[PDB]
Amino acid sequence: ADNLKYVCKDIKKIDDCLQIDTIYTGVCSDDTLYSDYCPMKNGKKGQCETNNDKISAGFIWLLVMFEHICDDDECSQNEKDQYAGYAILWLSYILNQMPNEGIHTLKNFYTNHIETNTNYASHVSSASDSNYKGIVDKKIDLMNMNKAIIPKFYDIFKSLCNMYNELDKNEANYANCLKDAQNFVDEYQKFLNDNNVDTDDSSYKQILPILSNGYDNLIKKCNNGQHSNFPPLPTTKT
């Protein structure tokens, strides 16, 4: 679905607002953006004192926003799985950026900082479901199974998000869509080659739908205001 239009927008919004000194992607458009999701401090309302508090609140804000993409905020099993995967991919990227954190500390960070935030159980609809915990655990395990490629894979996802942002502003006149799609497929082919990615690996097959569905939707949307022959997404290392 055209879900990446919103996912890419929401991730950019939370990135600029993370307020963490060591991580800088931009200026916060709204200082109160995730304040509603800050963890409690000594039984009192949270203000987000630590970097872990801000990441935790930012992650919950993401999940809450992604669920809004579903009709009536009622996500199917497939939507819950897809949105948990996007949020946990972003979380892996953040932990990889943070010094003294990483994909190796992701499971620990989730249990000690996300499940620990009182706003996770009350605002994320599926938080208490055992089916949801299984989805989250699988996504965390997938990040660990692919830990060596996850930071570079995220850069490819970011390049895909840049095309979605361009389409969002140009609307029916994204004249550079074909040129950008060709640069994207070449950049992705280089990612497979440089990292010796076996696209038939079980773990890689479960993160690949983020790019394969995302790219397929993007070129279908560009071909709504133009008429171009877009290159197919690379299938293997070359």
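The first residue of the shown sequence is 1; numbering continues from there.
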Q.
Averaging CA B factors per stretch from the PDB record, which one is higher: 188-196 or 30-38?
A. 30-38
**Q.** Given 43-51 and 56-64, the range whose Cα B-factors average higher in the PDB entry
**A.** 43-51
Q | Out of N173, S203, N213, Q182, residue topping the C-alpha B-factor column of the entry | A | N173
Q) Going by the deposited entry, which of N162, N146, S126, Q82 has the highest CA temperature factor? A) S126
Q.
Using only modelled residues of the chain, where does the Cα B factor of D73 rank: lowest third, middle third or highest third?
A. middle
Q. Among the chain's modelled residues, which third holds the C-alpha B-factor of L4?
A. middle
Q.
Quick check on the deposited entry: does the C-alpha B-factor of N229 sit in the lowest, middle or highest third of its chain?
A. middle
Q. Going by the entry, which third of its chain does the Cα temperature factor of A87 land in?
A. lowest
Q: Would you mind ranking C17 by its C-alpha B-factor against the rest of the chain and naming the third, lowest, middle or highest?
A: highest
